[PDB]
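**Q** A single structure is presented below for examination.
Protein chains in written order, with my numbering: chain A, 1 to 534; chain B, 1001 to 1132; chain C, 2001 to 2518.
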């Protein structure tokens, strides 16, 4: 009962293959869970090596041969487009759920019963999530909570040393773009830049924008205080006769004379620019003048600008000009003849940074730039990639926390509490039937994988840590008090996540649980494997 | 008009880049011509190049579908080259292959065409491709 | 090359069984999922029976024939895509030992299968229960089963009404001894296509008792509302006409080029007068219409529509009765499409309309669907197609049969009881068919996670000693009354599934060898 050029799995072979693939994927992503996890090394074969820990990036870049593993990875990748985190959690939950389901199936439990039990446990876990969350306040002085959230997000991705650098940077960058008002949050207001030949710890935060192109004249001021930003779209390069002409001569002296005569066109515009500079705070103290000049500038015009204590850039990207239109408030002048003071903007200190391979300009310290820039600094490609990924993850986590005020303490407290709540309530109710108890117990046990994996990664024995956490929870319940009990990966004993400062996003946990349950149900319902199209 | 081709043409290796390369043309009165450039302003000819092996199922199915298309799509060029005479070491694992050219450039590289529509490919699967 | 003896029959039966076993688990709400693995790295976990039977490649010709049968039934009938294959495969498997072990000739098996088909149809008719096809409440309740628990669950309330109204508009309930029973001549594919109108809500959707045309007036100075419309259809364009052979225009003076325009005016005026001779109110031409023709037709007091596709005229001739004449000079007074309702062009949702409805029964209509987005419109269109197919199945026979395998179990029991009294060699295939009918309840029990043996035995005992309305519960998995739980399926689907499965089994049994040939 088969056809050529095809292969199929019969009886329970499909279930065994799917379970094995899920276990393999879990073991692949088991070691990188939590701040105590490890990093994976990826080689593309072209000489580029990536050292990454984020589950989404690892799944996207890594090639997967097992079709079931491919399906699991693709399903878990949805977390990135919804919550931005929890892919590893989804994979671990799917793996443990499939392990338990296979164990029960070996005892004769039909897959549909397990699926129904998983659905019931999912509903109960959603109820527990609703009852267990903590409402965050809307106070504008919540900077401490944002710092705690950023630290929690970063510790999972960094070596615990760059955390002190990235936490304040991420917190400030996210807070500046989203003021203490309803409005809205858009992470596109935060620019991400990378620089080479610098120490990893050099990463800093810039209030405003940073321009790639720098000055090209030694006499330009290094720093300009309270500068007026001028954006000019008219090219200041050498101009020729407006009508048909040429350079026909017997000696280069005639060509030089013709060039000097033709330079008057640029000279006239330079005169207007200098007049504007002089009129607007020409000699006022603590004032400056900076010109962007999107288009190119002739060296003679650069020297003319420098001799007037004017810092002029050239050959800037249109995107940079559009960003400056808001960062500095200045407008782009299409024609010098219509140039007027109203075009000029205003900005704080303007500093030029010289690098061996390039030169940057800073246009930060703006009254209301409605944007900010984060400068990732590193000496190696992998370090820069890791820093960028950590910064983006922290930005997304803080944005999710700000937009969604529902906050749930982490440190493994949520998973253990949910497992206990399920084991109690589902067994006390038995709302569907006894036969669903197998699936209920499987789901409850699988939900405990995350704390066990975290403890295993931290090097401590999961049994003792789980026993201590359960004992503390039992004591709290006997005391008739509300208490959150988590896992301290540094000491090994139990700890209160609300005091240490470990928190998890409501959306992340909700989506991870839903996705894991859905993937487990879909895989457990696979009766056979079919091959076609060959 | 012009009803240019009307049938599938056999290609020998020496003329592959002549018959396929010649996608890059129109004809007199089918487009604008200009100063020191006699090329049409419009595009060229869609050329459907079949790399076949007689032993394979889909190759036999496509020989039928390609000629059937050629009989109606008079303006579309259809050609066939034994795959083993097109590519040095042509692998059976890619067989059959269809490459679609236009205006001298490559548009599609469809590989193991048994999955390009039904295993028992119908003219409905091929006419749905030819309109994409 | 050539196969002789029982080997060819064994090969065909094995191919049929292999095809059936794949989808054996595609029945019931508890249907299991399947993995489709392409030669590339992509795969899906779709559980749709049609998708499984479409994406599965089979080399054996019998499997290809079975897949083609299922694909054809997927459009001929609204349901039973997987039931037909499962039933045919089970019947073939049951009949296999008789052909192989009992040395029974295929002709006897085929005849017995046909007789069992007749008996099964009789039993299905006996066990079916009537429904009220005239009361809208009962039809809405029945059709809600195929509309709820879907993307259109939100608008189900109005979706049921829209589908029922469309089906009734295309449904012709007639009964007499002169023309016979038309069988309602319901055609959804051709004359029920849904028109997607952006904007509005589902509750705003209406059923048009005719054809809706999206072609606006070809000239602003044209009537937009006729209370006594009459449609005339033509193909030949109203413009300058050349000779059948090569035609050449030779002009000496520049001012003489107006001769072509004068000839065009004369010909167009003659054609327009010929068209107007039949007292028309709207002129529809498949080919292009010149501005002069539009002016001449307007002078006659009628509207003009040009470059209208044949698809619109095919339905216009059905809802208006207008006869299309290729040549204008051959137009006849009797070709005018009288008995037309209106030419109202009221715009809905910033879209152009042209209603050709009436209070007649042309067995054609148009569904004016409204929605807040294109995705909603497409999903509602698909759900309305499914609901109208279900409603057509229900209304084609005012009765329904119990679901959950109760009908199959009752058919098996009655077939066994009747076969016990036949007293002939054919008794064996009748028992084989009766046993194969048990496939559906076995699949339901297996999908529900119950006991495949004890539950089936209890159901069979209940049917033998109790009523035939007992079946397998989709959720509980126990034996319960289908009527109490509201589990039902249309009788038409069951009859068609049984007939098609038995006919396919007979056809496959007829083939006793596969030989090379071109």
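Where is the CB? At the ideal position from N, CA and C, for every residue including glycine.
1. One question on the structure: do residue 389/A and residue 52/A come within less than 9 Å of each other, judged by their Cβ atoms?
2. DSSP state of residue 2490/C, grouped into three classes?
3. Assess, as a yes-or-no matter, whether the segment 2474-2493 of chain C is touched by the segment 1109-1124 of chain B under the definition of 3 or more beta carbon pairs within less than 8 Å.
4. Using a beta-carbon distance below 9 Å, is residue 534/A in contact with chain B?
5. Buried or exposed: which applies to residue 102/A, given that a residue is buried once 16 or more other Cβ atoms fall within 10 Å of its Cβ?
6. Looking at chain B, which residues of the segment 2024-2039 of chain C have a Cβ within less than 7 Å of any of its Cβ atoms?
7. Check the Cβ of residue 1114/B against every Cβ in chain A and list those closer than 7 Å, keeping chain order.
8. Output yes or no for whether 9 Å exceeds the beta carbon distance between residue 2055/C and residue 2069/C.
9. Counting C-beta neighbours from all protein chains within 10 Å, is the total for residue 206/A 16 or more, i.e. buried, or is it exposed?
10. Pick from 516/A, 457/A, 480/A, 508/A: whose alpha carbon is nearest that of residue 488/A?
11. According to the neighbour-count rule (16 or more other Cβ atoms, all chains shown, within 10 Å of its Cβ), is residue 1064/B buried or exposed?
12. Quick one: Cα of residue 230/A to Cα of residue 224/A, how far?
13. Please go through the same chain and pick out, in chain order, the residues whose beta-carbon is closer than 6 Å to the beta-carbon of residue 156/A, but skip the five residues on each side of it.
14. What does the Cβ neighbour count give for residue 334/A, buried or exposed, with the cut at 16 atoms within 10 Å?
15. Considering only C-alpha positions, which residue in the set 1036/B, 1071/B, 1049/B is nearest to residue 1016/B?
16. Give the interface partners of residue 2057/C over in chain A, defined as CB-CB distance under 9 Å, in chain order.
17. Taking only beta-carbon atoms, is residue 1120/B less than 9 Å away from chain C?
18. Using a Cβ-Cβ distance under 9 Å, would residue 2064/C count as near chain B?
19. Could you give the DSSP three-state label for residue 292/A: helix, strand or coil?
20. Is there a Cβ from chain C that is less than 9 Å from the Cβ of residue 70/A?
21. Just verifying my parser: in three-state terms, what is the DSSP assignment at residue 406/A?
22. Since residue 2365/C sits in a beta bridge, which residues does DSSP pair it with?
23. Check distances from the C-beta atoms of the segment 100-124 of chain A to those of chain C and list, in chain order, the residues that come in under 7 Å.
24. If you drop the 5 nearest sequence neighbours on each side, which residues of the same chain put their C-beta closer than 7 Å to that of residue 515/A?
25. Looking at the structure shown, is residue 1101/B part of a helix, part of a strand, or coil, going by DSSP?
26. Between residue 147/A and residue 171/A, which are expected to be in contact by the criterion C-beta below 8 Å, what is the C-beta distance as a whole number of angstroms?
27. Would you mind stating whether residue 2348/C and residue 2197/C have Cβ atoms separated by less than 9 Å?
28. How long is the line joining the alpha carbons of residue 1070/B and residue 1003/B, rounded to whole angstroms?
29. Do residue 2008/C and residue 2512/C come within 9 Å of each other at the CB atom, strictly closer than that value?
30. For the candidate residues 27/A, 145/A, 60/A, 104/A, whose alpha-carbon lies nearest to that of residue 497/A?
31. Have a look at residue 2328/C and residue 2286/C and give me their C-alpha separation to the nearest angstrom.
32. Judging by CA-CA distance, which residue of 2517/C, 2393/C, 2498/C is the nearest neighbour of residue 2131/C?
33. Cutting at 8 Å between CB atoms, please list the residues of its own chain near residue 2456/C, excluding the five before and the five after it.
34. Residue 44/A CB to nearest chain C CB: under 9 Å?
35. Is residue 2082/C closer than 9 Å to residue 2023/C when the C-beta atoms are compared?
**A** Walking through what the data contain:
1. yes
2. strand
3. Cβ pair count under 8 Å is below three, so no.
4. yes
5. buried
6. 2038, 2039
7. 533, 534
8. One thing to note: residue 2055/C has its Cβ no nearer than 9 Å to the Cβ of residue 2069/C.
9. buried
10. Selection 516/A, 457/A, 480/A, 508/A evaluated against residue 488/A yields 457/A as nearest (Cα-Cα).
11. exposed
12. 14 Å
13. 35
14. exposed
15. Of the listed residues, the one whose Cα sits closest to residue 1016/B is 1049/B.
16. 3, 5, 6, 531, 532, 533, 534
17. yes
18. yes
19. Here residue 292/A carries a coil assignment [DSSP, helix/strand/coil].
20. Cβ-Cβ to chain C under 9 Å: yes for residue 70/A.
21. DSSP places residue 406/A in strand when its eight states are reduced to three.
22. None; residue 2365/C has no bridge partner.
23. 110, 112, 113
24. Excluding sequence neighbours, residue 515/A sits near 75, 76, 78, 79, 90.
25. Note: residue 1101/B maps to strand in three-state DSSP.
26. About 5 Å; that satisfies the 8 Å criterion.
27. yes
28. 11 Å
29. yes
30. Ranked by how close their Cα comes to the Cα of residue 497/A, the residues 27/A, 145/A, 60/A, 104/A have 145/A in first place.
31. Their Cα atoms are separated by approximately 12 Å.
32. 2393/C
33. 2438, 2441, 2442, 2445
34. no
35. yes
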